[PDB]
Undergrad: 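Structure incoming, see below.
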Amino acid sequence: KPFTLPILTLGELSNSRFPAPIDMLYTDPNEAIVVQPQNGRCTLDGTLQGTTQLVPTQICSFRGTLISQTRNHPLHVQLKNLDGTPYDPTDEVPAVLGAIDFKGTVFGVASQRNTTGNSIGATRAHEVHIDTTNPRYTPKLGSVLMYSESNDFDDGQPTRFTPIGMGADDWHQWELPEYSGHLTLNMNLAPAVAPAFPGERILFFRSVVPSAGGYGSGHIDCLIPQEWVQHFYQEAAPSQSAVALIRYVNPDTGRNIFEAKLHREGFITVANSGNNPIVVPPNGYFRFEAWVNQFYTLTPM
Amino acid sequence: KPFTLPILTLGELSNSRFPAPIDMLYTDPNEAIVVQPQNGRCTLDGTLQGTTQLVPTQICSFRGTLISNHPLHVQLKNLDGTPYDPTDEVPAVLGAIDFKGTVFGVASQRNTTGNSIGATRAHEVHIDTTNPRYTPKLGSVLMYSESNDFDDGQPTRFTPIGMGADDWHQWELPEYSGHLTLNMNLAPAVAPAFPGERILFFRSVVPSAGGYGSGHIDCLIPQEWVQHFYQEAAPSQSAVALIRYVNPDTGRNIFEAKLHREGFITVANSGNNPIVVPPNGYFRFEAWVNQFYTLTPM
């Protein structure tokens, strides 16, 4: 079964680490870096890793039951899986699938539709935020702590968190949260990735997301788009080497814009050409060319 | 080139009319109906119709510039950032809300001009698509917010969340150009062609910001099918593709359905109780058939 990439253009792709469209391709203009995101992790032969799940509108969402305590009002959410199934802390995953995979304050909307009590079916929804550096951000243990200026939430009722953007100018998108709290280390992580040679840089799919105040830039970079995650998962094409050579191509004219290494682990490196941003045709997209090895030398893009 | 369906399960699929996961399959428990949604419209050979675009998180979103219950007049652009041309042969800007109701969400800004370039803000808003100023075909929509903390002249984004009031009519199209200028370039209405058949819907249950509204949004095919048909562009060998909902473990056909070339599904009405399907099941293409194929009662 031949390995293939989706033929969606840049403006037709979705971020795999935040529910947003892709705005541009991006490489670090200062240096090469090492990253370890947990959403948007899928090998080329279709193995999901980290906290990666398949629904693009559920990335960084939470689902569960509100638990009352004992101005910013605390809202403890006892989690279930985003697909409604019970959450099992013994699963070999870093946290509930879809959990926020970086340090920062994410603002969004928490909503409820009552299933028990005297008002079954009654609904409410208000802005909330989740600080993933809070010691009660414990999605591996099965709970997160939200905060809201509204106390209009019903105890014991189903509660969904939908993320919107930056709740504060405090994002560190490559710093993993402590999924089990201050005491216990992270486990079952998707591996860290980095260029294997000097002169190479990871190529990111960059989105710019909203912010509820301040001057935060709103950058979220993913290794592959969510549509690629869905594609590899379903195709499960055998990887014939550690490195697939791919080209950003103009499908109308056949012109090759630049070449890149698509690693079996599920991320892209390009040869550093080291200045100001990447210009690609809006009708173009990546196309698989051949299976190569690590000793392939990339032409500066 | 053979026709194929994605193998994603129900809980792995996205609604094509709202940014939400699919919750269940659904048919009308009383009668056959006629529907004409404008999002989630794609023929089996990959022709997008209506206001359908490809990004699943952008459905029912708006993008534009704030011009001037505090009213927020938004001059629209396309969701992919390109300018919006009202002369395009579309019912409205791609991704626009395609039903009558109050949709609540968050409006956000990041300043690009003035003395505070880069400054941001975001607040809950709602859009009443029955408002005379809901005119996404002309290129503008009116939002309302309890906060005044918005800067005019600045890029403005609306992200939908759910019901702003218990007033949804998901099959009643809005007046995209206002009370004037009846809708144009619409994706066609669809309905079962025979008695005893019903349209099979992919149903989402979305949030609500007050009241007892059910939150139902039904789509003809999931957004992943839209993306898949668009890329594959497999020629339709007949007007009706026979598909079966299968259990991949056992290979058992749970039920069969007609997948019409226009891009919607009908099943043989079996009356009673909501639909029981295994979590690991998915639709797969079986063969090309015609209108005279008799579906087994679902």
Side-chain angles (χ1 to χ4, degrees), chain A residues 15-20 26 28 30-43 47-54 58-62 64 77 79 81-82 87-108 129-147 161 163 165-195 201-207 209 216-226 229 263 265-269:
Chain A
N15 203 294
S16 58
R17 294 187 59 227
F18 206 83
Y26 178 84
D28 193 307
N30 305 279
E31 303 171 333
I33 60 177
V34 47
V35 301
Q36 202 174 4
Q38 296 307 300
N39 285 317
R41 300 306 299 262
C42 185
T43 68
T47 301
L48 305 174
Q49 298 176 157
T51 60
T52 299
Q53 51 81 57
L54 289 163
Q58 297 279 75
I59 306 162
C60 284
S61 300
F62 290 108
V77 180
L79 298 170
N81 275 299
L82 291 171
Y87 171 61
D88 194 329
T90 60
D91 284 5
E92 291 178 20
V93 295
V96 64
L97 300 190
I100 306 164
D101 70 346
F102 62 94
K103 289 189 181 187
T105 300
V106 181
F107 99 97
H129 56 278
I130 297 177
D131 182 357
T132 67
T133 73
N134 195 287
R136 311 192 143 270
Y137 184 72
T138 52
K140 173 64 179 181
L141 307 187
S143 65
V144 302
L145 179 59
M146 319 183 304
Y147 278 102
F161 169 79
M166 310 184 73
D169 190 8
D170 65 355
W171 278 18
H172 308 270
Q173 67 165 323
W174 303 126
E175 292 176 15
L176 289 174
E178 297 169 343
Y179 287 120
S180 296
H182 280 165
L183 273 167
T184 307
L185 289 202
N186 289 337
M187 291 271 79
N188 302 286
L189 292 173
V193 295
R201 300 285 189 274
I202 296 175
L203 180 70
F204 295 101
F205 300 81
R206 165 159 284 195
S207 317
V209 306
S217 58
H219 297 333
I220 289 288
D221 299 314
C222 66
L223 304 172
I224 58 173
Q226 185 64 17
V229 171
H263 300 264
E265 174 49 33
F267 69 104
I268 302 176
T269 55

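In what follows, chains carry the letters A, B, and so on, assigned in the order in which the sequence lines appear, proteins first and then strands, with residues in each chain numbered from 1.
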Undergrad: Measure across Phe18(A) and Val209(A) and return the closest heavy-atom pair with its distance rounded to 0.1 Å.
TA: CD2-CG1, 3.6 Å
Undergrad: Where do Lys103(A) and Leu176(A) come nearest, in terms of heavy atoms and distance?
TA: CE-O, 3.4 Å
Undergrad: Kindly say whether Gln173(A) contributes a backbone atom to a donor-acceptor pair with the side chain of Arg17(A) at under 3.5 angstrom?
TA: yes
Undergrad: Please list every donor-acceptor pair under 3.5 Å in which a side-chain atom of residues 133-146 of chain A meets a protein atom from a residue at least two apart or in another chain.
TA:
{"from": "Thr133(A)", "atom 1": "OG1", "to": "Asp131(A)", "atom 2": "OD1", "distance (Å)": "2.7"}
{"from": "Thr133(A)", "atom 1": "OG1", "to": "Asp131(A)", "atom 2": "OD2", "distance (Å)": "3.2"}
{"from": "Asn134(A)", "atom 1": "OD1", "to": "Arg136(A)", "atom 2": "N", "distance (Å)": "2.9"}
{"from": "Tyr137(A)", "atom 1": "OH", "to": "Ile100(A)", "atom 2": "N", "distance (Å)": "3.1"}
{"from": "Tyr137(A)", "atom 1": "OH", "to": "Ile100(A)", "atom 2": "O", "distance (Å)": "2.8"}
{"from": "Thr138(A)", "atom 1": "OG1", "to": "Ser143(A)", "atom 2": "O", "distance (Å)": "3.0"}
{"from": "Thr138(A)", "atom 1": "OG1", "to": "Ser143(A)", "atom 2": "OG", "distance (Å)": "3.1"}
{"from": "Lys140(A)", "atom 1": "NZ", "to": "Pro89(A)", "atom 2": "O", "distance (Å)": "2.9"}
{"from": "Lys140(A)", "atom 1": "NZ", "to": "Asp91(A)", "atom 2": "O", "distance (Å)": "2.8"}
{"from": "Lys140(A)", "atom 1": "NZ", "to": "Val93(A)", "atom 2": "O", "distance (Å)": "2.8"}

Undergrad: Can a donor-acceptor pair be found, under 3.5 Å and without considering hydrogens, that links the side chain of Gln226(A) to the backbone of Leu54(A)?
TA: yes
Undergrad: Any heavy-atom pair between the side chains of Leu48(A) and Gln53(A) that's under 4.5 Å?
TA: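 Not in contact.
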Undergrad: Kindly compute the distance separating CG (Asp221(A)) from CD1 (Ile33(A)), expressed to the nearest 0.5 Å.
TA: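 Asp221(A) CG to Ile33(A) CD1: 7.5 Å, rounded to 0.5 Å.
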Undergrad: Starting at CG of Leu203(A), measure out to OH of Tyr26(A) and round the result to the nearest 0.5 Å.
TA: 11.5 Å
Undergrad: Is there a side-chain contact between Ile202(A) and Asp28(A), using heavy atoms and a 4.5 Å cut-off?
TA: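 Answer no - side chains too far apart.
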Undergrad: Just so I know, are the side chains of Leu223(A) and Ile268(A) near enough to count as touching, which here means a heavy-atom distance under 4.5 Å?
TA: no
Undergrad: Where the side chain of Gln38(A) meets the backbone of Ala190(A), is there a donor-acceptor pair that is under 3.5 Å apart?
TA: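 Side chain of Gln38(A) to backbone of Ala190(A): a pair is present.
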Undergrad: I'd like to check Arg206(A) versus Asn15(A) (side-chain heavy atoms, cut-off strictly below 4.5 Å). Are they in contact?
TA: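 Side chain of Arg206(A) against side chain of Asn15(A), heavy atoms only: no contact under 4.5 Å found.
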Undergrad: Among side-chain atoms of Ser16(A) and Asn39(A), is any donor-acceptor pair under 3.5 angstrom?
TA: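 No, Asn39(A) and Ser16(A) have no side-chain donor paired with an acceptor closer than 3.5 Å.
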Undergrad: Is there a donor-acceptor pair under 3.5 Å between the side chain of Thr132(A) and the backbone N or O of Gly104(A)?
TA: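 Answer holds: yes.
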Undergrad: For the residue pair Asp101(A) and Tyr179(A), establish whether any side-chain heavy-atom pair is separated by less than 4.5 Å.
TA: yes
Undergrad: To the nearest 0.5 Å, tell me how far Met166(A) CE sits from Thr105(A) OG1.
TA: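 Answer for the CE-OG1 pair, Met166(A) versus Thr105(A), is 9.0 Å.
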Undergrad: Testing the basics here: between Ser180(A) and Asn186(A), what is the closest heavy-atom pair and its distance to 0.1 Å?
TA: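 Nearest pair, atom of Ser180(A) first, then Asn186(A): N-OD1, 4.3 Å.
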Undergrad: Do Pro191(A) and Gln49(A) have side-chain heavy atoms sitting under 4.5 Å apart?
TA: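 They are in side-chain contact.
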Undergrad: Applying side-chain contact (heavy atoms from CB on, under 4.5 Å), run through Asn81(A) and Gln58(A) and close with a yes or a no.
TA: CA-CA 11 Å; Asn81(A) 275 299; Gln58(A) 297 279 75; over 6 Å; no
Undergrad: Hey, what do you get for CD1 (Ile130(A)) to CZ (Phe161(A)), rounding to the nearest 0.5 Å?
TA: 4.0 Å
Undergrad: Between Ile224(A) and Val229(A), is any pair of side-chain heavy atoms under 4.5 Å apart?
TA: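 A side-chain contact under 4.5 Å exists here.
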Undergrad: Are the side chains of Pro37(A) and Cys222(A) in contact, using a 4.5 Å heavy-atom criterion?
TA: no
Undergrad: Partners of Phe267(A) by ring-ring contact (aromatic ring centres under 6.0 Å, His included), sequence neighbours excluded?
TA: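 Only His263(A) meet the ring-ring contact (aromatic ring centres under 6.0 Å, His included) criterion with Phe267(A).
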